[PDB]
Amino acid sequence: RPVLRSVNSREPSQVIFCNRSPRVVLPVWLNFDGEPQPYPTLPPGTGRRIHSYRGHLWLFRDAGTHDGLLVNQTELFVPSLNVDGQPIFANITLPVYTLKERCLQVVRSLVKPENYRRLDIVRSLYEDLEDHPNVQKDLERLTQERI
């Protein structure tokens, strides 16, 4: 059974998703079988109350492009015990992307995929452009790292 998955704790944890990024954020919940399940998106600079649970796993992505985002400065978010009944913050931010990855984001936003190969670049960068960021590949990378 998949390593990265929420546990069925049945222990409520009040959370507030706080989008501190300029992107439209897609919160993605890993269900009890490790399958990613999307929750409604958050406009930039907005926040939202969630009823989640102890030991559930979340990650967060640009809704339009699936660029990775950070939550409390890391890849994954796990709601904890509500200490003194106070909700937990999930602060969603931009990472410091590599200059390369950031250039790829901008070129992707301007060029339709059918036309990537009509740009005057070397072979390796076409591949790079085509290899869109992807939740499923991120989970496989995280699982491998966690072994």
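In this text, residue numbers run from 1 along the sequence as written.
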Which is higher on mean Cα B factor in this entry, 96 to 104 or 79 to 87?
79 to 87
Which of the two stretches, 137 to 145 or 2 to 10, shows the higher mean Cα temperature factor in the record?
137 to 145
Whose CA atom has the top B-factor in the entry, of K112, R49, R54, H66?
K112
In terms of its chain's C-alpha B-factors, the third that includes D120 is the highest
